[PDB]
Asker: 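This is the structure, below, for whatever I ask next.
Values reported hereafter were calculated over all heavy atoms of this structure, with side chains retained and with hydrogens, waters and symmetry mates removed. A note on names: the letters A, B, ... follow the listed sequences, proteins ahead of strands, and every chain is numbered from 1.
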Amino acid sequence: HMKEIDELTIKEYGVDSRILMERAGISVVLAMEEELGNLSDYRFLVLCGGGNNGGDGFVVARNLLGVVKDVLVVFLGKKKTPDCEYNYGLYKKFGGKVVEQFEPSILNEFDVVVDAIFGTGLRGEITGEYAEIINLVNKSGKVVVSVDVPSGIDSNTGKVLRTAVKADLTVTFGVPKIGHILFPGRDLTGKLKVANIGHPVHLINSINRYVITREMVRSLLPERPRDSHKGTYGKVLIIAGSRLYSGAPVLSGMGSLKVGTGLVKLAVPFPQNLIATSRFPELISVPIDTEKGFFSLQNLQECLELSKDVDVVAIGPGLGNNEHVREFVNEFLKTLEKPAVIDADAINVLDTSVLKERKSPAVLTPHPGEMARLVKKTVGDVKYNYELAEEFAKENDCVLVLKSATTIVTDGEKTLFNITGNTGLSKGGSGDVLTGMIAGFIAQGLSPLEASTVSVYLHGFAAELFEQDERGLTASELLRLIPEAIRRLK
Amino acid sequence: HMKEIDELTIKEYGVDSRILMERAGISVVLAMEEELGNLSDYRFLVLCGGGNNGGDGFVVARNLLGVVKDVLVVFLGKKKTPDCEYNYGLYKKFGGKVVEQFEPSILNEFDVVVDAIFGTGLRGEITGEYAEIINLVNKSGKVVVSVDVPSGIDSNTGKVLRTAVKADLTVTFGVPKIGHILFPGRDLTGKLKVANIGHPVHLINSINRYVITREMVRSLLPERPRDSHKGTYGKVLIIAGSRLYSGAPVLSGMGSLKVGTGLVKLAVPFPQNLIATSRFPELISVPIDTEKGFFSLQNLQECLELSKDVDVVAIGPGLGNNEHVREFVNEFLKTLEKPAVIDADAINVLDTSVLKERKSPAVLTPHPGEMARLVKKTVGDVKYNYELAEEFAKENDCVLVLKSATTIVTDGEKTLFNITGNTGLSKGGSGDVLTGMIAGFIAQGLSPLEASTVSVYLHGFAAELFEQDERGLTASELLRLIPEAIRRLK
Amino acid sequence: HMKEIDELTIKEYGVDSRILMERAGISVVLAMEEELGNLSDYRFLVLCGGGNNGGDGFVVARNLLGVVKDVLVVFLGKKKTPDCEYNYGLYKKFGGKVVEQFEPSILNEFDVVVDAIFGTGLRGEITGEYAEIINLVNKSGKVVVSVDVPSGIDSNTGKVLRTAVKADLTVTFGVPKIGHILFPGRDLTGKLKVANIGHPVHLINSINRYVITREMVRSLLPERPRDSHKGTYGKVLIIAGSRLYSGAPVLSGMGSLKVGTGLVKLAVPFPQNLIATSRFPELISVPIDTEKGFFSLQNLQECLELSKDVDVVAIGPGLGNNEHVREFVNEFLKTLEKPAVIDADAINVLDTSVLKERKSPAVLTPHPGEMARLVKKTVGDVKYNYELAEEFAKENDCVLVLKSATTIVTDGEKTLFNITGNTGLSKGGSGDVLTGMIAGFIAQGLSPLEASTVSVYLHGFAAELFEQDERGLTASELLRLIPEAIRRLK
Amino acid sequence: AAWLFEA
Amino acid sequence: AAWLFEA
Amino acid sequence: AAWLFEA
Amino acid sequence: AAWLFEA
Ligand SMILES: [K+]
Ligand SMILES: [K+]
Ligand SMILES: [K+]
């Protein structure tokens with residue numbers, strides 16, 4: 001944890017807290033200079049609370065003195081912490097101007113607002129003056145730079161505590177906080193810079209929750225040895241589709257192939273299985289004879305036989321949710337001694353007892369609506385709830401990939417956040433591609449957690465490479481972009 | 001053979017062996033200069049055995065004396081052959097420094113390792129000192145230049161004899177050796193230069209095993225006379241698919257068309273035949289009425305009738321392997337008096353007696369797993385086993401195309417190696433394209449061996465032209481790239 | 001003064017000395033990153049004394065820990081000051097490695113030497129270990145970064161105290177020191193960055209000795225109002241030349257015109273006066289009838305009459321030094337009630353009593369040889385002796401421009417240093433151009449100190465704009481480049 | 001060029 | 001871009 | 001330009 | 001690139 005990293009750095013390593021506070025403020029100044037160019041033309045309004053976030057603000061304000069056109073600090077707190085007091089005292093000795101009353105029109109005479117009111121010490125809702133001032137800053141159209149986290153964002157959840165500052169730039173210290181990563185906070189954060197302010201690198205690295213980065217995904221990508229054959233790159237079985245949902249299998253299957261899997265087999269009710277090969281004849285699409293266009297227990301043995309020859313099985317996209325599908329999915333997963341990727345309708349009928357009793361690994365890929373149904377809570381209680389995700393992964397021995405604009409991937413010990421992608425992925429078909437990608441990377445030798453990490457990243461990055469407006473992106477275009485995403489990764 | 005070419009050049013043509021050894025060493029120096037730029041900035045460590053490979057090394061070392069920053073030779077053998085001794089003596093008279101003890105840290109003071117320990121005279125496994133030194137060179141991160149073949153590669157098989165040097169550059173003399181061409185040796189070889197060291201050109205050319213080159217494939221490409229019609233460019237019948245494997249026919253058929261065949265007809269069980277024309281309506285896809293979705297003897301007469309009007313028949317992709325398919329394939333090939341291209345499941349059910357009794361020609365296109373089953377050996381005993389391939393071709397009167405990262409194409413007298421391609425071809429569907437390409441070129445007038453040569457090359461080159469990461473290549477993208485490969489060839 | 005600025009910043013403004021020390025170290029790290037690119041590939045050797053310079057080094061070393069390949073500190077002092085001790089303690093708690101013994105070969109394992117042995121606290125000559133280590137660093141060919149001033153440079157004089165470090169990069173704090181500006185120190189300094197480490201801007205600005213900068217010279221350039229005539233831009237009289245030195249007048253005269261003076265008149269012994277107009281017919285070159293080719297008292301009245309109509313008089317270039325020239329120069333300057341620019345031979349015969357008794361202003365432009373003769377000292381005692389220059393300016397009520405690779409311009413209260421130029425100016429004729437430039441800017445309305453500041457700068461910058469090798473630069477080419485220098489200034 | 005900031 | 005350094 | 005080397 | 005020839 002990061003506030004415990006500050007403490008250790010001060011208390012055990014012996015770095016004066018004033019030194020850390022200085023480094024924080026100057027980082028803010030350099031970050032603004034990098035974003036705004038020469039600062040000397042700009043007039044700055046620094047809004048400072050009475051805590052250490054405000055102390056960081058006093059450092060910023062003092063270091064702009066005599067270099068920029070004008071600086072004014074509006075001090076909004078009651079008491080000052082010792083480091084804030086020290087730095088307030090420096091600002092004044094340096095000739096700085098402070099006021100304690102905020103006049104609505106004061107924004108008119110400034111170009112940049114530095115928001116140092118509340119950082120990680122925010123507790124409860126912002127009300128009264130603090131709130132009226134945040135609302136005025138938000139209506140003002142000025143350039144806003146938030147110190148640490150925008151004021152009003154809960155740094156552990158990304159939730160807005162009644163009201164919050166919308167920043168163009170946020171400079172944070174040590175590591176990104178969860179509140180910069182999850183929405184709405186990610187939105188309010190604007191452009192995020194992470195500054196090194198002198199914490200020991202060992203401590204910064206012992207942080208157990210990470211953003212998935214290009215470097216991390218590059219080093220997880222499996223090797224392609226030249227002397228290889230299709231079996232080197234594994235075999236996937238996808239169990240999917242129904243008479244109602246004939247497209248899902250094709251998108252999942254090509255997801256596996258486009259990430260480099262050697263062989264992909266679909267098991268799909270006849271005659272919907274022919275849809276896949278008419279579009280992509282590289283796929284093997286096995287006809288399953290069903291009574292009414294859905295998988296049922298009558299197909300259990302055929303699907304277990306098809307599983308013997310593969311490395312991983314993906315199940316769920318387009319299966320339909322009725323009782324015969326439920327019987328089949330749960331009896332299948334109960335007997336399949338292969339890694340399983342469980343998506344969509346296989347999640348909706350899943351009995352979680354089945355996951356506990358399985359020797360083999362599983363990845364579950366729900367959206368919040370599916371996760372809500374699965375644990376019997378509301379969407380609002382599960383959305384971006386990474387602790388619930390961790391608990392669930394740990395209890396059921398699986399990897400959980402909880403999909404949203406920020407996707408959470410956890411196995412219970414390690415939790416990762418993905419921030420690639422755009423709103424083009426908020427469209428049917430896009431989850432089916434991801435399920436294939438995951439199965440594909442598992443087939444190639446990646447562990448389930450590694451497979452999930454690499455896939456969520458590349459799936460989002462592929463979407464960003466679409467040439468036209470993102471809202472026109474479809475799952476087929478996304479498939480086409482996957483090999484470009486992989487190439488750009490290296 | 002090449003070691004017999006050295007002997008003849010010395011013994012019958014009368015070139016002093018010292019002259020050949022000199023030309024070999026200086027070629028190494030020029031090759032390094034071409035790869036590294038000006039050599040004068042670099043410190044060189046030359047590892048020399050006691051054989052003629054080491055003698056080549058002494059020539060290299062002597063010719064770097066006074067031109068580069070530093071040269072040291074570590075002499076690792078016991079005895080010296082006469083030419084090595086002569087050249088060791090020259091190195092010393094020239095002021096050269098030799099040591100006989102190798103200290104682990106000696107790598108620290110050098111930039112380039114010239115590996116002249118063992119060439120074609122390697123016998124048995126490398127152990128003890130020789131091995132510890134090769135392991136140290138491999139862990140050292142220096143630039144490595146191997147003389148002739150990297151030490152530890154069997155120059156006749158490409159196999160690693162316990163341990164071998166991994167080179168950035170290998171300079172070989174006269175002709176590439178089989179060990180540079182087959183893996184793992186091809187991998188260890190790094191970039192390969194073939195130097196002319198003065199053998200008579202007549203002898204170099206009488207070598208009976210060749211790498212397939214762009215020039216060779218260009219001169220085999222058939223002519224496209226302007227006054228032509230579809231019949232000029234031949235007719236292919238492809239017998240393929242089943243209810244389980246509906247995509248294979250389409251990929252084979254378009255393989256034929258994309259290389260320029262006039263007409264392609266598929267014979268495919270109804271209704272899987274409709275898959276082909278829904279994707280590529282240029283194809284003719286004949287419905288075969290079958291009892292259970294597989295070809296059987298009941299279809300024998302229809303397929304022989306369809307064969308009367310064509311120039312070549314390809315059979316096998318997606319047929320399935322069950323006894324009724326076996327009866328049909330063998331009775332068909334027994335009566336078909338047309339050239340046949342035999343792939344995939346037609347190989348798995350093939351009775352080799354049938355090939356012997358056929359008047360007409362055949363090309364067989366197995367991967368090592370299929371070749372293993374066909375001759376009843378392990379994959380490890382058939383992989384890259386070009387002598388077994390030659391024997392099989394010769395006994396059965398066929399052309400054998402044994403697919404792998406290096407593909408071997410032989411008719412028993414002439415053996416060719418293909419080194420184009422990449423790991424994007426290690427994916428289902430890619431073999432089906434090749435089968436069509438071959439049938440296509442046979443239809444256009446190329447002999448079976450010529451058709452196979454041109455096809456393996458262009459199929460690999462098409463893969464290399466994929467714009468994005470190779471692992472995302474699919475057989476459909478490959479089809480699209482074939483006409484570009486043909487254009488770039490000229 | 002700057003060490004008094006540190007004290008005030010700590011003692012009166014209340015900035016903790018540890019904070020200033022931190023800011024200093026991190027500035028060094030950013031400066032290296034800006035010069036070397038990404039630091040993570042480099043191994044760093046930090047040489048730390050026991051004073052605050054070494055403390056700055058410990059800060060550098062600690063901030064590289066875990067970010068770069070390797071850091072080692074060689075601590076070379078006995079005691080540690082309190083801030084050095086604190087920062088040494090931090091380095092170790094952070095996992096840093098320190099040694100106290102320096103082995104000659106230790107340089108072999110590092111890429112960058114950070115020199116934090118002695119800064120402004122250097123007293124007396126460096127001997128023994130400190131010296132052997134500086135000599136080894138100088139012979140080593142590594143990249144050297146000096147903290148504050150290269151160790152061994154006296155920061156008040158630029159003199160080398162027995163031996164000194166030759167840096168590629170020097171990062172200094174607050175302001176450049178005199179030792180970075182004067183030679184040999186300027187040479188040893190290499191590329192100089194001045195970092196802001198948090199001193200109040202008011203104090204940094206109260207520094208009474210400055211480097212002449214482009215910004216300063218831009219704001220001193222006189223205005224060219226559109227509605228103007230030649231008289232707007234003033235009139236210069238140049239009294240110069242002799243039968244021996246016929247070129248000097250022409251170079252001085254064109255110096256005035258090229259900086260924008262309206263009218264320039266030369267008074268030159270007949271017939272050498274005709275030389276000027278044959279080269280530059282824009283000049284007015286008045287013939288003075290002399291007895292033997294030199295000015296003498298017989299010409300006093302003609303030259304005073306010619307002075308009535310001008311704004312400034314330059315005297316000295318090419319006059320010759322004999323007693324009749326001495327009588328004339330001193331009686332002339334005694335009666336001329338106009339600003340005077342006094343150069344070359346007018347300096348060599350000058351009686352300094354004359355300067356004291358003059359109501360009107362003067363600029364003297366000696367090189368060290370001329371200044372030595374004028375105050376009756378050795379060249380070595382006057383060269384770069386800015387305090388002597390200040391005393392002389394103040395006693396004699398003049399501006400002194402003491403020419404050298406760094407030129408000093410002082411009126412006794414304000415002292416400026418010029419660092420533009422190159423060795424192309426170490427050639428006869430180049431001083432004569434400068435004398436004209438100065439007279440010219442005085443004629444245009446600049447005060448003598450302002451005129452001298454702008455001229456030394458532009459004269460040096462013109463030299464830097466020569467397109468070919470600097471050693472081939474002549475005074476005529478320099479004249480041609482002056483208008484380009486002025487244009488580039490804006 | 002990343003000692004101070006990560007993007 | 002000159003808050004930290006002068007050239 | 002191929003008398004000495006083939007690529 | 002000068003081991004064999006000087007111009
Ligand atoms: K804030
Ligand atoms: K070798
Ligand atoms: K120093």
Side-chain angles (χ1 to χ4, degrees), chain A residues 210-224 231-240 251-265 307 310-317 333 336-344 346-347 355 358 360-366 389-390 393 396-403 407-418 420-421 430-462 478-479 482-483 485-486 489-490, chain B residues 427 469 471-472:
Chain A
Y210 324 100
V211 174
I212 300 167
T213 68
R214 166 188 235 100
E215 309 62 63
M216 168 182 329
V217 159
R218 193 167 57 265
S219 63
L220 296 171
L221 260 198
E223 277 173 285
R224 307 289 290 190
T232 314
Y233 300 116
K235 294 161 204 152
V236 169
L237 175 68
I238 292 167
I239 298 172
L251 295 168
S252 296
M254 291 297 316
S256 299
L257 283 182
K258 288 294 192 165
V259 294
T261 314
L263 194 51
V264 182
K265 262 192 141 101
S307 297
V310 305
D311 296 301
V312 64
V313 180
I315 184 161
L333 292 167
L336 180 69
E337 291 186 326
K338 291 283 142 95
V341 183
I342 303 159
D343 191 26
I347 300 173
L355 285 176
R358 277 173 50 82
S360 288
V363 182
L364 273 73
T365 69
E390 292 158 356
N396 294 276
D397 306 309
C398 62
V399 171
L400 192 61
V401 174
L402 179 66
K403 305 190 286 210
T407 292
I408 300 165
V409 173
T410 185
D411 66 352
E413 316 275 345
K414 191 163 135 98
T415 289
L416 308 102
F417 303 96
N418 185 69
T420 65
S430 92
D432 298 342
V433 172
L434 177 67
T435 295
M437 297 174 73
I438 301 170
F441 282 114
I442 296 171
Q444 294 169 57
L446 297 205
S447 75
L449 180 68
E450 289 166 343
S452 305
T453 300
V454 168
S455 294
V456 300
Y457 184 95
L458 279 163
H459 173 256
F461 185 37
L478 184 77
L479 286 167
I482 290 169
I486 297 168
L489 216 70
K490 333 144 80 180
Chain B
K427 205 187 256 90
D469 190 282
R471 84 188 75 194

Asker: Quickly, which of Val399(A), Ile342(A), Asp343(A) forms a side-chain contact (heavy atoms from CB on, under 4.5 Å) with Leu364(A)? Name it, please.
Answerer: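 That would be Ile342(A).
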Asker: To the nearest 0.5 Å, how far apart are CZ in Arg214(A) and OG1 in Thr420(A)?
Answerer: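 It comes to 10.5 Å.
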Asker: Are the side chain of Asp432(A) and the backbone N or O of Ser252(A) linked by a donor-acceptor pair below 3.5 Å?
Answerer: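 It does not hold such a pair.
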Asker: For residues 256-264 of chain A, tabulate all N or O donor-acceptor pairs below 3.5 Å that involve a side-chain atom, not counting sequence neighbours.
Answerer:
| from | atom 1 | to | atom 2 | distance (Å) |
| --- | --- | --- | --- | --- |
| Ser256(A) | OG | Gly436(A) | O | 2.8 |
| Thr261(A) | OG1 | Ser256(A) | O | 2.8 |
| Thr261(A) | OG1 | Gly440(A) | O | 3.4 |

Asker: What is the minimum heavy-atom distance between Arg218(A) and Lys490(A), and which atoms define it?
Answerer: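 Here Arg218(A) and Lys490(A) meet closest at CD-CA, 4.2 Å.
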Asker: Can you name the one residue among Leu446(A), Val454(A), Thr232(A) that meets side-chain contact (heavy atoms from CB on, under 4.5 Å) with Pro222(A)?
Answerer: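 Checked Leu446(A), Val454(A), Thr232(A) against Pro222(A); only one passes side-chain contact (heavy atoms from CB on, under 4.5 Å): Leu446(A).
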Asker: Do you know the tightest heavy-atom contact between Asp411(A) and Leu449(A)?
Answerer: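 Scanning both residues, the minimum pair turns out to be OD2-CD2, 3.9 Å.
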Asker: If you count every heavy atom of other residues, nucleotides or ligands that lies below 6.0 Å from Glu223(A) atom CD, does the total exceed 12?
Answerer: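 No, the 6.0 Å shell around CD holds no more than 12 heavy atoms from other groups.
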Asker: What distance do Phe417(A) atom CZ and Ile212(A) atom CD1 have between them, rounded to the nearest 0.5 Å?
Answerer: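 Those atoms lie 9.5 Å apart.
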Asker: Is there a donor-acceptor pair under 3.5 Å between the side chain of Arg358(A) and the backbone N or O of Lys338(A)?
Answerer: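 Here the side-chain-to-backbone pair exists.
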Asker: How long is the straight-line distance from CG of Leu416(A) back to OH of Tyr457(A), given to the nearest 0.5 Å?
Answerer: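 Between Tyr457(A) OH and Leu416(A) CG, I get 13.5 Å after rounding to 0.5 Å.
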Asker: Considering all heavy atoms of both residues, which atom of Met216(A) and which atom of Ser219(A) are nearest to each other, and what is their separation?
Answerer: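 Reported closest heavy-atom pair: O-OG, 3.1 Å.
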Asker: So which heavy atom on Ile442(A) is nearest to which on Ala451(A), and how close?
Answerer: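 So the two residues come closest at CG1-CB, 3.4 Å.
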Asker: What closest approach, in Å, do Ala439(A) and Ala314(A) show between heavy atoms, and which atom pair accounts for it?
Answerer: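 In this case the closest contact between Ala439(A) and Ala314(A) is CB-CB, 4.2 Å.
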Asker: Rounded to the nearest 0.5 Å, how far does OG of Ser452(A) lie from CD1 of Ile438(A)?
Answerer: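 The CD1 atom of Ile438(A) sits 4.5 Å away from the OG atom of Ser452(A).
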Asker: For the CZ atom of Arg471(B) and the CG atom of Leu221(A), what is their distance to the nearest 0.5 Å?
Answerer: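 Reported value, rounded in 0.5 Å steps: 5.0 Å.
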Asker: Quick one, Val341(A) and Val236(A) - any side-chain contact, counting heavy atoms below 4.5 Å?
Answerer: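 Of all side-chain heavy-atom pairs linking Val236(A) with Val341(A), none is under 4.5 Å.
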Asker: Using the side-chain contact (heavy atoms from CB on, under 4.5 Å) criterion, which residues pair with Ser307(A)? Sequence neighbours excluded.
Answerer: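 Partners of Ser307(A) by the side-chain contact (heavy atoms from CB on, under 4.5 Å) criterion, ordered by chain and then number, come out as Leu237(A), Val313(A), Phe332(A), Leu336(A).
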Asker: Would you please say whether a donor-acceptor pair under 3.5 Å links the side chains of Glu390(A) and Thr415(A)?
Answerer: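 Yes, a side-chain donor-acceptor pair sits under 3.5 Å.
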Asker: For a quick test of reading the model, state the closest non-hydrogen atom pair linking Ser430(A) to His459(A) and the distance between them.
Answerer: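 Residues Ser430(A) and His459(A), closest heavy atoms: O-NE2, 3.0 Å.
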Asker: Name all residues meeting the side-chain contact (heavy atoms from CB on, under 4.5 Å) criterion together with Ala485(A); count only those two or more places apart in sequence or in a different chain, and write none if there are none.
Answerer: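 side-chain contact (heavy atoms from CB on, under 4.5 Å) check on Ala485(A) returns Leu458(A), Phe461(A), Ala462(A), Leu465(A).
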Asker: Distance check, rounded to the nearest 0.5 Å: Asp397(A) atom CG versus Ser360(A) atom OG?
Answerer: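 Rounded to the nearest 0.5 Å, the CG-OG separation comes to 12.0 Å.
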